[PDB]
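Heads up: the structure comes next, in structure tokens.
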Amino acid sequence: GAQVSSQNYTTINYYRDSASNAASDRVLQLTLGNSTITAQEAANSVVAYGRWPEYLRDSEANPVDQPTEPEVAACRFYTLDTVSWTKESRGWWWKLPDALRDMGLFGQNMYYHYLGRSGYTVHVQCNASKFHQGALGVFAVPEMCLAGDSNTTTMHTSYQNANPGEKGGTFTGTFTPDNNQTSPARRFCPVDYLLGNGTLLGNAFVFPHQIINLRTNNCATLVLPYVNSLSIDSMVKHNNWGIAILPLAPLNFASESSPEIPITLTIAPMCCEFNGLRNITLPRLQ
Amino acid sequence: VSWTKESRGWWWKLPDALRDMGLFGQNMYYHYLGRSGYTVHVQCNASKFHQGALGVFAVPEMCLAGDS
Amino acid sequence: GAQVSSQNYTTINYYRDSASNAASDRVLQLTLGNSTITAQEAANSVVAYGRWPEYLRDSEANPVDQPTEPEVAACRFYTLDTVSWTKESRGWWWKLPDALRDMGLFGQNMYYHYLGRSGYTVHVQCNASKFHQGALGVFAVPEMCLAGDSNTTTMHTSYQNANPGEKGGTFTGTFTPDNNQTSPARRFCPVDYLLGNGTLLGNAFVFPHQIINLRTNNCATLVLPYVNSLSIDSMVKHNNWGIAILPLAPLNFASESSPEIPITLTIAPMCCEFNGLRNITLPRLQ
Amino acid sequence: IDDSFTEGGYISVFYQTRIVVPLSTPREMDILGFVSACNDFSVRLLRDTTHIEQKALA
Amino acid sequence: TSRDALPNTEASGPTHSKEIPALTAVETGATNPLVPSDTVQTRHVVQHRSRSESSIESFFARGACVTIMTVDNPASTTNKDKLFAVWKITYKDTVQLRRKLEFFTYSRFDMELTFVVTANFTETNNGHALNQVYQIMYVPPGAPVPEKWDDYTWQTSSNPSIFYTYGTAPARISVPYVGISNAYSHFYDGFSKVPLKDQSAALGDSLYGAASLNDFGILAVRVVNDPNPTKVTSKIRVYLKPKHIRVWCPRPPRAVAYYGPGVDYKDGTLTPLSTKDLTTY
Amino acid sequence: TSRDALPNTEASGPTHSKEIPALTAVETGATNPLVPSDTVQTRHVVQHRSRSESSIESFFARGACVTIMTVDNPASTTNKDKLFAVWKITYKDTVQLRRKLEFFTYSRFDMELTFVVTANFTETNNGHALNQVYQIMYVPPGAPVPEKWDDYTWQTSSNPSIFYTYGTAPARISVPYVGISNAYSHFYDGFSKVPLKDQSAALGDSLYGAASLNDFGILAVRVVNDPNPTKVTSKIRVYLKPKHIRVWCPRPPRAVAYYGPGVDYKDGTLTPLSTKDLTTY
Ligand SMILES: CCO/N=C/c1ccc(OCC[C@@H](C)CCN2CCN(c3ccncc3)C2=O)cc1
Ligand SMILES: CCO/N=C/c1ccc(OCC[C@@H](C)CCN2CCN(c3ccncc3)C2=O)cc1
Ligand SMILES: N[C@@H](CCC(=O)N[C@@H](CS)C(=O)NCC(=O)O)C(=O)O
Ligand SMILES: N[C@@H](CCC(=O)N[C@@H](CS)C(=O)NCC(=O)O)C(=O)O
């Protein structure tokens, strides 16, 4: 029993284990549940990795009990807070599913079960006039890990500072190490041009992304499937996605020295399901 | 509840008694309309040397009289 | 000449020796000979390992001479002594075929021949009232070896102390080492929670067993086939089975401080046969 | 082993109602517990145990 | 085969019936064969796991150390006798393989023995030595046992032997099932003699649990070289692998420290369990 | 297959049309798939080059050093304890393979480990030593860890081991994919505990990005020989080759020096780019 291939040559497997073997576009409308969105200046939309969200199949299900699928009660658009873009802004970040932990019945289902999974639709809104200039880069990062603020210890960020919620965090232009040994702050110090994790910002376009250019469009839409090394996981311990918004070109208006415009985010869970019902979790978030 | 020789009886309202029960109460208080049926199971055990009898009744539109 | 298998891979044997190769229920009635048993509160019965006793087949017979099969003369129920279960009891044990060495013609055939084999039916009887509580575990152990009472020597138990007969022995709650160097006792010291052999009692349910729960049943029945590494053996040197009875829950009655109830054992040989007739053996049993 | 990322959960026993007996009966009793696996249970990565040790040879 | 996947889980909905699978009776002596579908609502799952690694063949497919033997080649300028090692074959000098095997009452298996040899100098003297060769001889019961390191018994006209050169691959051999019964007996509840009333007390005495079923001979090991001016000490580790193994009559595993070759236990070692409150997680 | 040649170039002449392939919009998030034929006049070229050497299998088909372990056999005339080495399995003690792997978020692969052993004398004394043998034992999580160089744990009844004779070919073994997830996680954005308001602050604390998904046991290495009058120091280099590898979710590569096992960076190392004038070639 020998295998003949071309380079011809012959190979034989000696062991029983394979390990041993030698090797139009501007217009958009979205409807989820009882919520709708319209857009008249869009740059199309992005589906991350070309994969649409879907439910978990029988041939890939780890847990054995019957899952819960709220559907319209939780698969709907939630609007977070609105941030202000000025000439001194460096960028903002959010974690998913951390930013929806207090959003109607989605948060209740999240905190009542032990396992959960879901995809997302993210819609970023920012409008200005024909006399404004600027550009924003919106990136979706799987496993968005940020660096700490300590040069004497590593991986010492507290659970509270890493989960800000719907308010999110911001990037900074400089790295400031914390020197309080008695009362360490235990928080991230993400630098903008390093993307907060030691890699150059210019390469962040490897991740799913879009660009809002004030002279072209005023909104961005990203469709994120569920990504993880497991079929289903704990939503309260682990964040699946991170959203990062950074000014690629600074904001400017006519000759004013202090222009400002708002930026709003709307996120919708998709195909979300849960397992392992028990008493509700009461985390220490302060 | 505790059944003694001075007891006169107890009553409950449905869906009022499940208003703080897991996700059922959350769904009840988040929506404007709802409907449901029920399964009720009453448990009471004693010995072969006890005697007594309980009547359990389910009343639709159980309206009670006031104290005035 | 090569063997092709799947993992495909190929294997060849180089040597001529394979060693070199790389790798209703409550009611019961029993009738044996001229003896019968009836039971009205039973928990069914247990057949050890799912095998019924049988005679030795031609394709497995070591000795060449004609065997003896007494049948009804020896395959019958014999009642041993009755023990008393109180609140201070720790348990009792018996050895088979040692406990039937003085039982009618079975003992005579046992002591007149050189080889013998047999299975057994064991029936334990214990009844109380509806106001008693308690539980007994009955276990049948193949090769039931017990530990000695000496910490200066091992395997020093005398032949007389290891074969008590139909009276049997008892377990103890504590280990007491013997310190008489001049006149060693040479007897077992079996501890109950170690099952007398250094293994935890909770796991004894790996062996064939039953439980007598005073509120459920009042009798237990175990059917034991012949088990050994030989087809036939010497019954006077080697014991095949051991019966162990232990209180899983202590006996209690109303408010009395000293309740007591009897426990009786009845054992029947099955499919017994013998080989090697000679003059009778006269052991030193005292 | 004891691990936070693969913890299993909790098990408990409660009184639904109380225990009721008549007169002339023991007022205290015992219960026993057993554990076993189902038909979909499996293990892997054979290793060594900490439940046996030695100090001197033979 | 053992690599066959386990059964799939089946979807089950709400139920309302008289049959009660949960309640049972353990007094019978059987185990309730419940599945998760009998107590909770479940979904359909396609199963992929298998029990291939817990089979009897896999559970014993490792080489375990059974003994360490010691030999030496002494200095030429001394009067010490040359040392050769004798070992009685058994798996009870160690605890790990013994505990693994004593999960069961009877077993049959072929054996595979591997020998690992190491050597060292004993004195600071810069003296040297040439590469050594070792003779390992199997002496079955009843054969003559060597008494000197160079007597006639080492001619091995009928005893099998291995000659091993130091620094090469560890030695290896294989053995079949060589018992006089139909299976190996891990436990034996009996004696080898029956005392008789006519005979004296001492003429019937024997040890409890000892039988000639477990007599397999000895291994004798010597250095074949003649002594050098400097002493060299060598140790040989023996590793046993059972293959083609079959077992019968499972038993509970050992819970306390072993004490001798029997089931005896020693005072002061009978507390295997630690503390834990009843209502504490 | 990866050895398939790339597409041929096509001849193109002058053009005059309304369609504009050059102008585009990068705000959408896509890349313009232009070829040279869309902007200049080209000739016909038969292509011969292929992308066989940039595949995922080829990019990882080398053995990379992951650790160097140290053992010694001390002098017989001293009181020093014999040294044995313990190493926790990981690819993050070095930077080259770590940077190559962290181009992606998830991966599956079988592993191939090679061991290269070297030894030397420590003292000028002319003392000598006989050839040494090394035991390398894999201890999975939850198994007993050795504490002395010659305690019972080295009997290896169930732990796999390698016995290596010095001066022979370097040792080698192969391992399958042995993760408890469906793929290896190079990054983990989470914790292992969730703190609770009722419980104390210290009872919920845990490290950021640490999970038991990345616990694979340890390797323990010892010299099996007994000490000689002279000390001998040995070092073992471990080389890891991943094979049958699959990857998911590409990421930008590391641009600054690594600092610990996380994504943290150290002050004074955040200037990876050099100077260059805007209008200078
Ligand atoms: C020169 C090299 O040649 N070696 C040949 C050889 C041949 C036969 C050998 O005997 C093998 C005997 C073992 C298969 C016995 C192992 N077992 C089986 C059960 N058992 C045991 C011991 C003590 N109490 C109970 C069981 C054991 O020790 C050894 C070496
Ligand atoms: C005696 C010789 O036998 N050796 C056997 C053996 C068996 C299993 C072994 O474990 C292999 C574990 C590796 C496949 C793990 C490599 N990876 C996968 C991802 N990962 C990692 C570590 C830290 N953070 C993220 C990922 C790793 O370190 C090692 C040796
Ligand atoms: N004792 C003898 C040497 C031993 C010897 O020559 N033995 C012979 C005959 S007893 C033998 O058979 N040796 C076996 C062997 O060593 O291979 C002497 O004084 O040198
Ligand atoms: N410490 C013992 C030597 C070590 C020893 O003999 N260990 C035995 C029992 S603890 C063992 O299992 N060794 C394992 C091995 O080194 O292969 C001595 O005083 O010589």
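Below, chains carry the letters A, B, ... as their sequence lines are ordered, and counting in each starts from 1.
- For C:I280, the CD1 atom sits in a packed shell: over 12 heavy atoms of surrounding residues, nucleotides or ligands are nearer than 6.0 Å.
- A donor-acceptor pair is defined here as one N or O able to donate and one able to accept, closer than 3.5 Å; no such pair exists between the side chain of C:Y193 and the backbone of C:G196.
- Put simply, the side chain of E:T269 never gets that close to the backbone of E:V256: no donor and acceptor are under 3.5 Å apart.
- In this structure, E:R99 contributes its side chain and E:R254 its backbone to a donor-acceptor pair below 3.5 Å.
- No hydrogens or angles considered: nothing links the side chains of E:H186 and E:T105 as a donor-acceptor pair under 3.5 Å.
- Cation-pi contact between E:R108 and E:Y106: absent, since separation from the ring centre below 6.0 Å together with deviation from the ring axis within 45° is not met.
- Looking at C:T86, its side chain does come within 3.5 Å of a backbone N or O of C:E88 through a donor-acceptor pair.
- For the pair C:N44 (side chain) and E:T28 (backbone), a donor-acceptor distance under 3.5 Å is absent.
- Defined by atom type and a distance below 3.5 Å, a donor-acceptor pair is present between the side-chain atoms of B:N45 and D:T17.
- Within a 6.0 Å sphere centred on CG of C:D81, heavy atoms belonging to other residues, nucleotides or ligands number more than 12.
- Figure legend: cation-pi geometry between E:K193 and C:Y159 absent, as NZ or CZ is not positioned both under 6.0 Å from the six-membered ring centre and within 45° of its axis.
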Table please: side-chain donor-acceptor pairs of residues 92-100 of chain C below 3.5 Å, with sequence neighbours left out.
{"from": "C:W94", "atom 1": "NE1", "to": "C:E166", "atom 2": "O", "distance (Å)": "3.2"}
{"from": "C:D98", "atom 1": "OD1", "to": "C:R101", "atom 2": "NH1", "distance (Å)": "3.2"}
{"from": "C:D98", "atom 1": "OD2", "to": "C:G165", "atom 2": "N", "distance (Å)": "3.1"}

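- Residue-environment remark: OH (C:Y112) stays at or below the threshold of 12 foreign heavy atoms within 6.0 Å.
- The list of side chain to side chain donor-acceptor pair (under 3.5 Å) pairs with a residue in residues 257-268 of chain C, not counting sequence neighbours, reads C:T82-C:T264, C:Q125-C:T266.
- Remark: the E:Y258 side chain and the E:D264 side chain contain no N/O donor-acceptor pair separated by less than 3.5 Å.
- Residue C:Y114 qualifies as open at atom OH: its count of foreign heavy atoms under 6.0 Å is 12 or below.
- Side chains of C:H113 and C:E273: no donor on one and acceptor on the other come within 3.5 Å.
- The aromatic rings of E:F59 and E:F103 stand perpendicular to each other, their planes meeting at an angle above 60°, with 30° marking the opposite boundary.
- Without hydrogens or angle criteria, C:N109 side chain to C:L105 main chain gives a donor-acceptor distance under 3.5 Å.
- Residues forming a side-chain contact (heavy atoms from CB on, under 4.5 Å) with C:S129 (at least two apart in sequence, or on another chain): C:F131, C:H132, C:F253.
- Between the E:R251 side chain and the C:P142 main chain, a donor and an acceptor come within less than 3.5 Å of each other.
- Other residues, nucleotides and ligands contribute at most 12 non-hydrogen atoms within 6.0 Å of the CG atom of D:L23.
- Taking CZ of C:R117 as the reference point, atom OG of C:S234 lies at 15.0 Å (rounded to 0.5 Å).
- Looking at every heavy atom in both residues, C:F139 comes nearest to C:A204 through CD2-O, 3.7 Å.
- The number of heavy atoms from other shown groups lying within 6.0 Å of NZ (E:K266) does not exceed 12.
- Sparse packing is recorded around CH2 of C:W52, with 12 or fewer heavy atoms of other residues, nucleotides or ligands lying under 6.0 Å away.
- Here the side chain of C:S158 pairs no donor or acceptor atom with the backbone of C:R187 at under 3.5 angstrom.
- Judged by distance alone, with hydrogens and angles left aside, the side-chain atoms of C:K237 form no donor-acceptor pair with the main-chain N or O of E:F191 at under 3.5 Å.
- Side-chain contact of E:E27 with C:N213: a donor-acceptor pair under 3.5 Å is present, judged by distance alone.
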